[PDB]
Every structure is written in structure tokens, then in C-alpha cells.
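Colleague: Before anything else, here's the structure in question.
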Amino acid sequence: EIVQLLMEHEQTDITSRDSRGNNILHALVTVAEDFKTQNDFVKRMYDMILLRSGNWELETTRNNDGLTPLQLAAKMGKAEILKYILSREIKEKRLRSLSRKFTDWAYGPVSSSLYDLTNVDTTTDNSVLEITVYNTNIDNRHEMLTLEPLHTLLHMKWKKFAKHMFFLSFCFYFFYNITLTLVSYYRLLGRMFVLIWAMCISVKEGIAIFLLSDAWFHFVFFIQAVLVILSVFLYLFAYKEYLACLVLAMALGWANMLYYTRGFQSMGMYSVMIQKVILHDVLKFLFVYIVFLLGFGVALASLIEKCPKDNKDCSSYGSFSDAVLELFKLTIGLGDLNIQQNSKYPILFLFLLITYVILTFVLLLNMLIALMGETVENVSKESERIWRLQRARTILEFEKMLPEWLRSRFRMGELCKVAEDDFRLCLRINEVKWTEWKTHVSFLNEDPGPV
Amino acid sequence: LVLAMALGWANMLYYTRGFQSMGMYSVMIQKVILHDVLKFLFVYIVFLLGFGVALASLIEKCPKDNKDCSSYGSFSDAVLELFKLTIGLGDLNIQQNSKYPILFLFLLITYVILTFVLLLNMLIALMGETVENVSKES
Amino acid sequence: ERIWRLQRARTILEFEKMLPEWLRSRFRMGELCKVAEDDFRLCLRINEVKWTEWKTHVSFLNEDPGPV
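If you read the sequences in order, they're chains B, C and A. As numbered in the authors' numbering, residues 276 to 462, 484 to 508, 518 to 756 make up the first sequence, in order. As numbered in the authors' numbering, residues 551 to 688 make up the second sequence, in order. As numbered in the authors' numbering, residues 689 to 756 make up the third sequence, in order.
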């Protein structure tokens, strides 16, 4: 009521930017915490204020940061307000311009909604899409992407070219790794292309990391390329030994191949499960297990510190590294076990060695508990939100790798006419609604024909 | 003939599908082998090749005509040793017929770790859907 | 999680008991505040936010909402 009173006065200045430069709309976007908290009233005030001023000025302006209110809601973790903005259908014939969501035709429950892509597509300097995707500050990007226009843009771009580009890069990397394997196993015409590709990806990864738990793979590729260039430079020198590092990069290369399983749906979910959760858990598991290994191997080597007496087979665990290897054998089940000689207390030796096994077993059971507990519900949704998010990030990466003229050629979206003699980009999406029935007063085209 | 025998005794499982308990049993077999196991097998074959090439490369050091000295000599031999290891039958030991025991051991340990983690993720992906969808779908 | 929080509180109290009087006096959490009728007592501050329950705030110690 007070807002109505204020807007009715002619002395009022709706367009007044504060010291920070923000309009009313930027401010409201700075406040939309979530639905469970507010009960979604700020959206109502946004709508009312727009309807009080039939113009584009408020949404067009920028703050001192240089961002529209839309770009601002994308910058923050603000979804409901964005869902509203990107989907506005105003029945008022006079204020039809302000709407972004348009119904081209509604013969019945089937109808083609015509969304708008003025500052949403990647054509602008900073699109809503790049803003949503290239910020890890929010931790809500999945709820941001599931919206109609952005979701459809991403999947249509994947349908057009990005699938081809990803398969292309995967084929190149597959060829590269096959060449590396052939070179290493049997150790010139192929090695040249290998080295050139290595230097290319080295420069790429270096630049990307200079620009920089998602970017780990960049460091992985960088390490692989560094190892490859190092081994190839050392090869020129008369050093047979240096070549030993080659297989290391090869092994690392195969880890990089895991990255490309991120593409397929099932394989992608499986790969994210490989990457994140298992890292988080098994890294701590491995750290504690290694400290156990050291703490027990030192003791065992100390007990068996007794002299061998011209018998090395009697000196099992004799070397500390040898003792660690023997416990590795034991936990896996490789090492022939027996009551060790050269121990003043063989019974206590065996007791400690069995306590090792019991501790390792209960430790395995602990990690199993942690994994099965996390795997219930958090893993599914988290892995989906990570997978689709990384896919969209890489889609935009491929799109940025391109030049201007090709992008122009593609031209996602169709130019279309909106009332009041306007022409703008739009996106057509066919959708059905059985629950709601109504006379479609707001329709762009009388004839529901597709063409 | 013998192959058929094997396949034949894999086919009796079919008739187990009659019983309700054995019915859900066989259907769980089918669903798991279709969904989770193929991923494990494929990517594990990938790792087998990626690591066995390197193992054979290091084992390229000639044993002077002694297959026992330079274990992991043949590529298929190294893969068989890796299989025994993942089952635990092998008799591992630092091979004097090698230029680098340190790198050999580190790579073998990383292989074992990766295999264990991959098996573990197979188990996790199983448990994830285990509770809700399995019973009803079966 | 319950046992974790519980044992962490136990440890915190143990370490607090390990300290001397003067360091404890230094790390005293809370602040003196005037409540009512020449009453000065210790208090703990928590800034809270509520978007649901709307009401004209009648009862308040300080007229100016400034932190200091």
C-alpha cells in the first residue's frame, strides 16, 4: 500500500540510482533469499513495480559494477526471481512489450512458447549463461540451469555441434595415446605429430591454468605435457635412463582419458563418482593406512633387527622397505607367512602382526560404512548437478574456442516479430498443459501452423 | 562340446526364474550385469592395457634367456600376473631383471589402488539404487 | 554427529580448565550490557534475521541499531 502511495506521486523518482548505482530492481534481487524463507512476495513487488512503469529503462540500466538486474540475479544465487523474469506473460495488450515469454499459437493444450534471448545468449559481453556457469560462488547452479530457456539452449547446442567437437577431441586424444603406447612399447614419422600435439596441449593447459574441484584435469594435462616434453628433450641426449619417465606420462594419459567418460550419461555419472566421492574418502583412508604401515613396519624391522647369520631368507622383513612390501603382500594376500625368526619374542611378533590385520579390516569396514552412508541420496543429486554443470561449462568452452563468423553462421534462435513493431531474437519451445484451460487471448499468430 | 556344457550350466539359471525368490535373484543378476558390471570391465581392461604396456617396457631388460628372471616379460604374461595379483595368487617380488625397481613398485601399487577403488565404486553405484528401485523393478 | 559434538565440547571444556586465571579472563566471551534499572550484566550477542514474522518492534534496549 505504501509503495502504491509512493508511486502515485509525481515527485517520485523510480529511476533513482543509489550511491552504489543500483535501481529498485537490483536491490530486490539483493534480497530474494529463498522461497521457504520469504514466501515469494518480492516477486510480486517486482511485477507491481514493472506494471507501474511501462518501460525498459529499469531493466536496461547498470550498477557501478556494470550489471543489469538480470545479470545480478545470475551473479547471486537467486532463482525464483530469475524464473519469473525469464518467463513473463503479460495479458495486458498495452504492456505486452515488457513480456519476454510469448505464445505464438495455442490451438489447445499444445502451445509454442516463444522466449527471448536479448542479453541471455552468448552474443553479449557477459551473458546470463556464462555468468551462471562460470561462478563457483553460488553452489546452486543446477537449480539455475534447469530453467526452460537455458536448458534448451544448452541441449540444442549439444545437438548441433558440441557433440561433434567433443567426439572429435576424443578421437584425437585416442590417436595420440595409441601413438604414445606404440612408441614406448617398441622403444619417427608418427613421433613428430605426437610432439606437435603435445606442445599444443601444453600451451593450451598452461594458458588455461594461468587464467585459472573442477579444474584439476587442467593440471593433470599440464603435468602430462610437461613430462612428455621433458622426456622427449632428454631423449636427444645419450641417456637411456631418462626414457624411463615416459611410461609415467602414459599412465597419467590414461587417467586423462577417464575425463572423456564424462560425456556419456551413465559413463559420466560413473566417472564423477570415480572422481569426487572416492577421492574425498579414500584419500583419508589411504593416509591413515600409510601411517599405520610405517608405524608397524618400523616395529617389525626393529624386532627382526637380529642378525641374519649368513641367511637372508631367514631375514624376512630385514629391509624396512622390504617389511612394508611384506605387509602389502599380507593385506593383499601374497606373502607366505610364518613365525619369523630373529625375534626374541615371536609370540608378541605374531600378536602385533595379527593386530595389524584386524585394524586394517575394521578400517576397511569403516570406509565401507562411510561410502554406503554417503551413497544413499547425496551422491545421486550431487553427481547429476556436477555432471550437467561440467557438460555446460565445456559446451561454452567449445563455443568460445570458435571464431566469430562460424558462431554467426550457427545463430541459435530465430529472429521474430513482437508487438509494437519490434523485432528480436526468440526461442520456440512446444509444450503441453492439460490442467489449465482458458481462452487464449494473448497469441502472436492466429493460425497455429508451424511455418 | 565343453563350451556348450559351460553355457548349458549357465542356462539352468533360466529355470530358477520360476521361483519368486530365485526370480528376483535372476532378474537382479541380469540388471546388474547390464548396468554396473560392463562399465567396470571396460574401464578395467583400459587400465590393464595402459599399465601392462609399461610393465612389459620395463621388463624389456633381457633376462639372458631366463623367463623366470624377467617376469612380466610378455605383454599377456604381465596382464596374467596383474590378474593373479587382483585375485592375490601371484608371488610378487622385486625383479633384478629390471632397470628401475622403484618405479616398477610405485606403478604396481598405484595399479592396485586404482583397481580397488574401481571395484569400490562399482559397489557404491550398486548400493545407490540397491534399496528402492531394485525390489520394485525386479 | 551427536557424539562428535559432545566429545568436542568435552575437550573444549577440558582445555579451558587447563588454562590459568588470567588467560581465561582475557578470553572471556560475552560483553557487559545495561539491561534495565541500573542493571549491568553479561550478555552474548547474536544477529538474527526473520522474513516471516512481521511486527512493529516495540521492545528494544538501544534506539539506534548501530553495532557499537
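For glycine and all other residues, C-beta sits at the position ideal for the given N, C-alpha and C.
Comparing alpha-carbon positions, which option in B/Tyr451, B/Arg733, B/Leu345 and B/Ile503 lies nearest B/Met488?
Modeller: When each option's Cα is compared against that of B/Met488, the closest is B/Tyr451.
Colleague: Using a Cβ-Cβ cutoff of 7 Å, what residues of the segment 340-355 of chain B are near chain A? List them in chain order.
Modeller: Flagged: no residues at all.
Colleague: How would you list, in chain order, the residues of chain B whose beta-carbon sits under 9 Å from the beta-carbon of C/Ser576?
Modeller: What C/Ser576 touches in chain B: nothing, since even the nearest Cβ is about 22 Å away.
Colleague: Would you mind sorting B/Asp586 into buried or exposed? The rule is 16 or more other CB atoms within 10 Å of its CB.
Modeller: Buried, by the Cβ-count rule.
Colleague: Beta carbons nearer than 7 Å to chain C: which residues of the segment 631-651 of chain B have them?
Modeller: Cβ contacts with chain C: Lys634, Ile637, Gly638 and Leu639.
Colleague: What did DSSP end up calling B/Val737 once you bin it into helix, strand or coil?
Modeller: Strand at B/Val737.
Colleague: Can you tell me which of B/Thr660, B/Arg295, B/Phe436 and B/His426 puts its alpha carbon nearest to the alpha carbon of B/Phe597?
Modeller: Of B/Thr660, B/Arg295, B/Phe436 and B/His426, the residue nearest in Cα terms is B/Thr660.
Colleague: In the DSSP assignment, find the unbroken alpha helix (DSSP H) run with B/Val278 in it and report its ends.
Modeller: That run of the alpha helix (DSSP H) goes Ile277 to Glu283.
Colleague: Which of the residues in the segment 720-741 of chain A, read from start to end, lie with their CB under 8 Å from any CB of chain B?
Modeller: Going along the segment 720-741 of chain A in chain order, one finds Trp739 and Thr740 with a Cβ nearer than 8 Å to chain B.
Colleague: Between B/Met672 and the ligand GTP, is there a pair consisting of the residue's CB and a ligand heavy atom that are separated by less than 7 Å?
Modeller: With respect to the ligand GTP, the structure shown offers nothing to examine, as it has no ligands at all.
Colleague: Quick one: Cα of A/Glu725 to Cα of A/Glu719, how far?
Modeller: C-alpha separation (whole angstroms): 18 Å.
Colleague: Under 8 Å Cβ to Cβ from B/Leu553, same chain only, skipping five residues before and after it: list those, please.
Modeller: The residues are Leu532.
Colleague: Do B/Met717 and B/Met440 count as a contact pair if the criterion is CB distance below 8 Å?
Modeller: Not in contact: B/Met440 and B/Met717 (Cβ atoms no closer than 8 Å).
Colleague: What do you get for A/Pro755, buried or exposed, if any count of 16 or more other CB atoms within 10 angstroms of its CB means buried?
Modeller: Per the 10 Å Cβ criterion, exposed.
Colleague: How many Å lie between B/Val525 and B/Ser498 at the Cα?
Modeller: Going from the Cα of B/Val525 to the Cα of B/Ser498 covers about 11 Å.
Colleague: How about C/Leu653: is its C-beta nearer than 8 Å to some C-beta of chain B?
Modeller: For C/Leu653, the answer is yes, since a Cβ of chain B falls inside 8 Å of its Cβ.
Colleague: Check the DSSP bridge columns for A/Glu719 and list the partner residues they point to.
Modeller: A/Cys731, per the DSSP bridge assignment.
Colleague: Taking only beta-carbon atoms, is C/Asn683 less than 8 Å away from chain E?
Modeller: Protein chains in the displayed structure are B, C and A, and chain E is not among them.
Colleague: Is the separation between the beta-carbon of B/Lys435 and that of B/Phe715 shorter than 8 Å?
Modeller: Contact: yes.
Colleague: Please name the residues in the segment 309-326 of chain B whose beta-carbon is closer than 8 Å to at least one beta-carbon of chain A, in chain order.
Modeller: From the segment 309-326 of chain B, only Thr312, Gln313 and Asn314 have a Cβ closer than 8 Å to chain A.
Colleague: Looking only at its chain, what residues have a beta carbon closer than 8 Å to the beta carbon of B/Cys612, apart from the 5 residues adjacent to it on each side?
Modeller: Cβ within range, chain order: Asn647.
Colleague: Mapping DSSP to helix, strand and coil, what is A/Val746?
Modeller: Residue state, collapsed to three classes: coil.
Colleague: Kindly identify the DSSP beta-bridge partner or partners of B/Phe377.
Modeller: Beta-bridge pairing links B/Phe377 to B/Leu389.
Colleague: Pull up the distance between the alpha-carbon of B/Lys581 and that of B/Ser688, whole angstroms please.
Modeller: About 9 Å.
Colleague: Do the CB positions of B/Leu443 and B/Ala697 come within less than 8 Å of each other?
Modeller: Result no, Cβ atoms of B/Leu443 and B/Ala697 do not sit closer than 8 Å.
Colleague: Out of B/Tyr622, B/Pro651, B/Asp752 and B/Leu711, state which residue places its alpha-carbon closest to the alpha-carbon of C/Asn643.
Modeller: Ranking the options by Cα distance to C/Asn643, first place goes to B/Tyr622.
Colleague: Determine the direct distance from the alpha carbon of B/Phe569 to that of B/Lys350, and round the result to whole angstroms.
Modeller: So the two alpha carbons sit approximately 29 Å from each other.
Colleague: So that I know if they touch, is there some Cβ in chain B lying closer than 8 Å to that of C/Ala628?
Modeller: Not closer than 8 Å to any Cβ of chain B, the Cβ of C/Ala628 fails to qualify, so no.
Colleague: Listed in chain order, which residues of the segment 595-623 of chain C have Cβ atoms closer than 9 Å to some Cβ of chain B?
Modeller: So the list reads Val596, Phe597, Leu599, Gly600, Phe601, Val603, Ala604, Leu605, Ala606, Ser607, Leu608 and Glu610, given in the order they occur along the chain.
Colleague: From B/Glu423 to B/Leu485, what distance separates their C-alpha atoms?
Modeller: Rounded to the nearest angstrom, the two C-alpha atoms are 50 Å apart.
Colleague: Assess, as a yes-or-no matter, whether the segment 401-416 of chain B is touched by the segment 667-681 of chain B under the definition of 3 or more beta carbon pairs within less than 8 Å.
Modeller: Result no; under three Cβ-Cβ pairs closer than 8 Å.
Colleague: Could you check which residue in B/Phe310, B/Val681, B/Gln313 and B/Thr336 has the C-alpha nearest to that of B/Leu300?
Modeller: For B/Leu300, the nearest C-alpha among the options comes from B/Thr336.
Colleague: List the endpoints of the continuous alpha helix (DSSP H) containing B/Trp692.
Modeller: Residues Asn683 to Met706.
Colleague: Would B/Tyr460 pass as an interface residue toward chain C - the criterion being a Cβ-Cβ separation below 8 Å?
Modeller: Yes, because at least one Cβ of chain C sits closer than 8 Å to the Cβ of B/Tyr460.
Colleague: The alpha helix (DSSP H) spanning B/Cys550 covers which residue range?
Modeller: No alpha helix (DSSP H) contains B/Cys550, which DSSP labels as neither H nor E.
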